[PDB]
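Undergrad:
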Amino acid sequence: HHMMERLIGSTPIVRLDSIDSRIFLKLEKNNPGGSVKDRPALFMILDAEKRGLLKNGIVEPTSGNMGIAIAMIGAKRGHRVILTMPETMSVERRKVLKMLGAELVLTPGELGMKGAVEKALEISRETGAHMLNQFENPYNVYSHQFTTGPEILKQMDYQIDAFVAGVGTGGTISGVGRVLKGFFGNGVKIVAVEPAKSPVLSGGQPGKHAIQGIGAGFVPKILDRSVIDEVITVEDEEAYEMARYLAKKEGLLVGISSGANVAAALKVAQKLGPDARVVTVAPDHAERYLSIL
Amino acid sequence: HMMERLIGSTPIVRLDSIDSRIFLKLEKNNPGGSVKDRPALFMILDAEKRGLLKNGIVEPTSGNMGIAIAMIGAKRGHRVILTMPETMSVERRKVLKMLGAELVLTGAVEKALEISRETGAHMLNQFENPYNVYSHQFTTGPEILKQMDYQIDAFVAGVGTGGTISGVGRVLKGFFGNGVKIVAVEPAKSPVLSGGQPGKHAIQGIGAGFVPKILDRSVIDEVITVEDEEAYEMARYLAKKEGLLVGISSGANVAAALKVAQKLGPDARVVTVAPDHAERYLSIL
Amino acid sequence: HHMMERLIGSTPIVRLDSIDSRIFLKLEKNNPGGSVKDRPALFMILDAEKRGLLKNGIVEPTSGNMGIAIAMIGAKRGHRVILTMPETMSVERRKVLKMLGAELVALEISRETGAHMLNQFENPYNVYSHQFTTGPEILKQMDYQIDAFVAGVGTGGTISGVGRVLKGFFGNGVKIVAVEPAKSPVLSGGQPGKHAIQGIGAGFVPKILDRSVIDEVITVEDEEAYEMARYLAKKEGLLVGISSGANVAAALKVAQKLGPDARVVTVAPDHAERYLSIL
Amino acid sequence: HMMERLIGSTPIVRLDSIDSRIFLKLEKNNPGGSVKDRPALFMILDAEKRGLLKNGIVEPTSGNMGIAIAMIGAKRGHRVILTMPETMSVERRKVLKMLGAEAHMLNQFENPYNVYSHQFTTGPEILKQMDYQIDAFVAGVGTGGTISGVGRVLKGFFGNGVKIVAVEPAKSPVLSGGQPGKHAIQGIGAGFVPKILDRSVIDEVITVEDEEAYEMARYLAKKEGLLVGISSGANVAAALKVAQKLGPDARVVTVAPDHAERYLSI
């Protein structure tokens, strides 16, 4: 009965009237897996199913959310799921993966996502499991081009001055950016967000940072830079502070990357008009981070 | 109108990997992560209208009602004090602090009543307040009726406050009359509605150990009990078989719904509620 | 696949900020039969099915939109539909009914054929349709903030079902205002009369009208209803029928007595293209 | 933002009383009573952002695009001037005057914002509403906006896994490489190939006869209770032929561009 198909997406947008009424926040925690990544996960799996690539299941590297989404969709749809994830990601992710019956292989913190990718490739070779490859798979961008972006455009009454989003895989900003630039052209500003400690998109060196779910340490092959107008950095403590602030002031239980996005969106909105409309995303929820937030 | 717009309009999913006769309404989609967002909103909106909240809100709670109240209070500018038994999952305590509620851990009603006298803070009283029932009469029930294409054989729900079963039950009985079976669920270890004595149990969210004043028995046909272990087991099963990250009371409701479905035809349609999400119970599930 | 169940209801509300921003209008033409009547028709038919009343089909006497709704649902669900109708109602109605396969010609028919009369003025399921769909929709769509709900009475199902819900939530903090034609002011204590406000003003007090939830009755002239229907199309781009003009005209009178920030909700029962010959 | 919020997000119904392989998107639910509210909105919003509407709008009409533009112009405060063949239903004529229609041309056959409306609204809707499972999408071509925008999205998602089928009148089979001619399927068959038609996303063209379209529109009303117009009959007639070639379990989506009460005179 198409459970996951029907549940994933169509998430709400709220105006942050207690913080800055120019900021509009899309609440991706409403997805059944608790994050925005249910969308690319579903698209990638559906493509892989159609092409007959999953006889031996799935193995995928993850910072947590894409893995949770894959694990959930695999549990329902009948695919074995193996994930690799750095040991530095919140322990809540590990427990959720176990609950969903996925197999989790932790990789060295110091090797970051690169380490997770390498271990996934090794497991793929040993087991025959299929890597969807969230950093290279066009269906990641398509999920946002065909669901998230269309949603945003209409939910915002076709009036948007800026769209702001952290880059993990770059799927969100690429797919949404394509739609919004398609509609508005240079009437809309698309702003990528990354950690001050790992400013690779800005042309800097990778580094250790605490904003889980962004700042992969390299430039994803799927990132569509043609739709991005600029890159803004956010400090670890600014992201944490804003996530705490969202819960306290708006009653919105969002994760650390949501904090980062809203902190960035505030900087973007302050640089322009009092009637500016700046949209961003809250990728997931606060209870996936109680261990650290 | 942030909380007004966010709360309710939750999806229903058919549990095809467990039993395709069971349909589960996913109340974790609510902004506070549970079903209690609905009564918390209605009760607050009524208390605001009536000018009762100038000293804030104090409520004794199991957890979800407190989270809902704390969230709405955070956004709408009400001081929220909660008294909560220490036995409830610690996730609740961290969540309540993040939402800026003042918590006093502890039945615990004595402390809440004490606090009300000392501060003037207003007790919404989730067990007595008719707006708990109205929230389900005017949101949840109408949603379920339409979402199920006006075809329901049974509605099964755990009773905490009784709001959900009473408000949904009124709508369903109004439309179906005797053609729908309304089943209340309670813990085997505290089978008060069945006529037994109150007891300690682990099905968080249900089984208050008394009959709530708001419970509308006129809409309820039968009472079914569930064991603590059945509830936990079915909660884990929902995550592993359906990919559904639901809490303990969701396991209890679906365990009961299966029992109900098993007594009915092949094509019976049995609806129940998943009150909250699995990540609220990582410490125990 | 429950076609009619899924299509009926969940209609939008729009704020009339080119006419008066205090008025909020629920667009019932979005229903598959083009009117509010799809809701009571659905509820009454589902009840009758449950109770095994439809072996010989349906016969119902109507002004028009209820006939269209019943014809449509009968067509989809496989019930014979016989209708009886006054000639003074838009001809566009006769063509639509035949398109939907209704047999046009009630008590005698029902007696002779065994066809079942739904009895739109007496059937509690008319009210329930609004108590369980329309009312709940309005309450949430309006963010739980309503000063008044204004609606013309045909069968009285809309105002009764919505008013039950809004009174439940708001108590005396909401005003429920019935609208009727000045020319047939029966709810106001006057004598029935011929009038042009198609869809309201049946000339008697319907049995299902729940007068317990109604605070006041307002009248509208035939010319006011027509002028406002034309105004809605020209100023708002809203292609609504005559009873919609009546409802908005009344709602404006209600709003004008309230503050600048009042929120007054009303309904647009059907669409303008059902009245080309007369509007 | 009245028109922004009302336009789009229309339902799909499965035609179980005709053929349960056919899924119909009901565009009469739009406030102007047709699919053309979508391109009219997008083209008008683009023209406003570009400052092109100081002197209002003037445009060519088969019918529905005129109604949509007149409606949106009425609400948003733009003067609207239109032109139409007398062969189209007189219902349209009364509606336009109701909306106050009597300057910038939008150019419905050449304006990319027509295609964008379907690329960003209709296509995404269809993809989700069909649970990402579609074997064919079948649509008549008037401007070609619908098939081009929906086609782009569905080809992106399914590639050669989805068949995109254009529909035109047997009496004017121009997309098939034949000659134009007069026909009665209002809303399609313009008699030339629109500039915006994306031929890179279309797999085939199927023709429908005038009587086929009419019979099927009457069939939809009598069997499904769906009060749809002539071009909706054409679309479903075509989808039926497509589904019949595909077998038991095929999922074939099409569109019902407008409503039956716009054609009572025919």
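As they're listed, the protein sequences go chains A, B, D and C. For what it's worth, the entry's author numbering labels the leading residue of the first sequence as -1, then goes sequentially. Just so you know, the second sequence maps onto residues 0 to 105, 113 to 291 in the entry's author numbering. Just so you know, the third sequence maps onto residues -1 to 103, 118 to 291 in the entry's author numbering. Just so you know, the fourth sequence maps onto residues 0 to 101, 127 to 290 in the entry's author numbering. Here a beta-carbon is modelled for each residue, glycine too, at the ideal position from N, C-alpha and C.
Can you give me the Cβ contacts of residue 6 (chain B) inside the same chain, cut-off strictly under 7 Å, excluding the 5 residues immediately before and after it?
TA: Result list for residue 6 (chain B): 29, 30, 36, 37, 40, in chain order.
Undergrad: Would you report the Cα separation of residue 163 (chain A) and residue 25 (chain B), rounded to the nearest angstrom?
TA: One C-alpha to the other measures close to 28 Å.
Undergrad: Of all the options A:90, A:264, A:15, A:230, which has the alpha carbon lying nearest to the alpha carbon of residue 74 (chain B)?
TA: Nearest of A:90, A:264, A:15, A:230 to residue 74 (chain B), Cα basis: A:15.
Undergrad: Report the neighbours of residue 71 (chain D) on chain C: residues whose CB is nearer than 9 Å to its CB, in chain order.
TA: Those within 9 Å of residue 71 (chain D) in chain C are 249.
Undergrad: Is it the case that the segment 187 to 199 of chain C contacts the segment 146 to 160 of chain C, given that we only count it when at least three CB pairs across the two stretches are under 8 Å?
TA: Taking 8 Å as the limit for Cβ pairs, the verdict is that the segment 187 to 199 of chain C does touch the segment 146 to 160 of chain C.
Undergrad: Cβ of residue 144 (chain A) less than 8 Å from any chain C Cβ?
TA: Interface residue, yes.
Undergrad: What residues of chain G sit near residue 234 (chain A), judged by a beta carbon separation below 8 Å?
TA: No chain G appears in the structure shown, which is made up of the protein chains A, B, D and C.
Undergrad: Alpha carbons only, please: which of B:291, B:230, B:255, B:279 is nearest the one belonging to residue 269 (chain B)?
TA: Residue B:230 is the option with its Cα nearest to residue 269 (chain B).
Undergrad: Restricting to Cα atoms, I'd like to know which of D:196, D:180, D:135 is closest to residue 45 (chain D).
TA: Minimum Cα distance to residue 45 (chain D) is reached at D:135.
Undergrad: Under 8 Å Cβ-Cβ, which residues of chain C neighbour residue 155 (chain A)?
TA: Correct list: 0, 3, 4.
Undergrad: Is it buried or exposed, residue 62 (chain B), if we count other Cβ atoms within 10 angstroms and call 16 or more buried?
TA: With 16 or more other Cβ atoms within 10 Å, it is buried.
Undergrad: In whole angstroms, give me the CA-to-CA distance for residue 76 (chain C) and residue 240 (chain B).
TA: Their Cα atoms are separated by approximately 59 Å.
Undergrad: Can you check whether the CB of residue 236 (chain A) is closer than 8 Å to the CB of residue 208 (chain A)?
TA: In this structure, residue 236 (chain A) does not lie closer than 8 Å to residue 208 (chain A) by Cβ.
Undergrad: In angstroms, rounded to a whole number, what distance separates the CA positions of residue 225 (chain B) and residue 143 (chain B)?
TA: Whole-angstrom Cα-Cα distance: 12 Å.
Undergrad: Confirm, please, whether the CB-CB distance from residue 232 (chain B) to residue 284 (chain B) is below 8 Å.
TA: Not in contact: residue 284 (chain B) and residue 232 (chain B) (Cβ atoms no closer than 8 Å).
Undergrad: Using beta carbons (cut-off 8 Å, strictly below), is residue 10 (chain A) in contact with chain B?
TA: True, the Cβ-Cβ gap to chain B drops below 8 Å.
Undergrad: Is the closest heavy atom of the ligand SAM to the C-beta of residue 201 (chain A) under 7 Å?
TA: Ligands displayed in this structure: none; no statement on the ligand SAM is therefore possible.
Undergrad: Quick test of the definition: if touching needs 3 or more C-beta pairs under 8 Å, does the segment 120 to 129 of chain A touch the segment 83 to 92 of chain A?
TA: Too few Cβ pairs lie closer than 8 Å, so no.
Undergrad: So, is residue 290 (chain D) buried or exposed, given that buried needs 16 or more other C-beta atoms within 10 angstroms?
TA: Flag for residue 290 (chain D) reads exposed.
Undergrad: Return yes when the Cβ of residue 193 (chain B) is within less than 8 Å of the Cβ of residue 234 (chain B), no when it is not.
TA: Yes, Cβ-Cβ distance for residue 234 (chain B) and residue 193 (chain B) is below 8 Å.
Undergrad: Does residue 22 (chain D) get closer than 8 Å to chain B when you measure Cβ to Cβ?
TA: No, residue 22 (chain D) lies away from the interface with chain B (no Cβ there is under 8 Å from its Cβ).
Undergrad: So the candidates are A:177, A:277, A:169; which of them puts its Cα closest to the Cα of residue 147 (chain A)?
TA: Of the candidates A:177, A:277, A:169, the one whose C-alpha sits nearest the C-alpha of residue 147 (chain A) is A:177.
Undergrad: Mind checking the segment 158 to 179 of chain B against chain D and listing, in chain order, the residues whose C-beta falls within less than 7 Å of any C-beta there?
TA: The segment 158 to 179 of chain B vs chain D, Cβ under 7 Å: 177.
Undergrad: How big is the Cα-Cα spacing for residue 156 (chain A) and residue 3 (chain C)?
TA: When rounded, the distance between both Cα atoms is 7 Å.
Undergrad: Quick check on residue 25 (chain D): does DSSP put it in helix, strand or coil?
TA: Reduced to three states, the DSSP call for residue 25 (chain D) is strand.
Undergrad: Once the 5 residues before and after residue 141 (chain B) are set aside, which same chain residues still bring their CB inside 6 Å of it?
TA: Counting only Cβ-Cβ distances below 6 Å, and skipping sequence neighbours, we find 37, 38, 41.
Undergrad: The alpha helix (DSSP H) that contains residue 58 (chain A), what's its start and end?
TA: Run containing residue 58 (chain A): none in the alpha helix (DSSP H); it sits in the beta strand (DSSP E), 56 to 59.
Undergrad: So what does DSSP say about residue 231 (chain A), is it helix, strand or coil?
TA: Here residue 231 (chain A) sits in strand by DSSP.
Undergrad: Is residue 142 (chain B) helix, strand or coil when you go by DSSP?
TA: Residue 142 (chain B) falls in the helix class under three-state DSSP.
Undergrad: Confirm, please, whether the CB-CB distance from residue 34 (chain B) to residue 170 (chain B) is below 8 Å.
TA: Their beta carbons are under 8 Å apart, which means residue 170 (chain B) touches residue 34 (chain B) by this criterion.
Undergrad: With distance defined between alpha-carbon atoms, name the residue in D:217, D:212, D:265, D:264 nearest to residue 281 (chain D).
TA: Ranking the options by Cα distance to residue 281 (chain D), first place goes to D:212.
Undergrad: Is DSSP giving residue 83 (chain B) helix, strand or coil here?
TA: Residue 83 (chain B): strand per DSSP, three-state reduction.
Undergrad: From residue 1 (chain D) to residue 12 (chain C), what distance separates their C-alpha atoms?
TA: Answer to the nearest angstrom: the Cα atoms are 6 Å apart.
Undergrad: CB-CB under 6 Å to residue 204 (chain A), same chain, minus the five flanking residues each way: which ones, in chain order?
TA: Correct list, in chain order: 196, 198, 215.
Undergrad: Assuming residue 66 (chain A) and residue 109 (chain A) are in contact, meaning their beta carbons sit under 8 Å apart, how far apart are those beta carbons, in whole angstroms?
TA: 21 Å between Cβ atoms; not a contact.
Undergrad: I'd like the list of long-range same chain contacts for residue 59 (chain B), defined as Cβ closer than 6 Å, with 5 residues on each side in sequence excluded.
TA: 82, 114, 115, 118.
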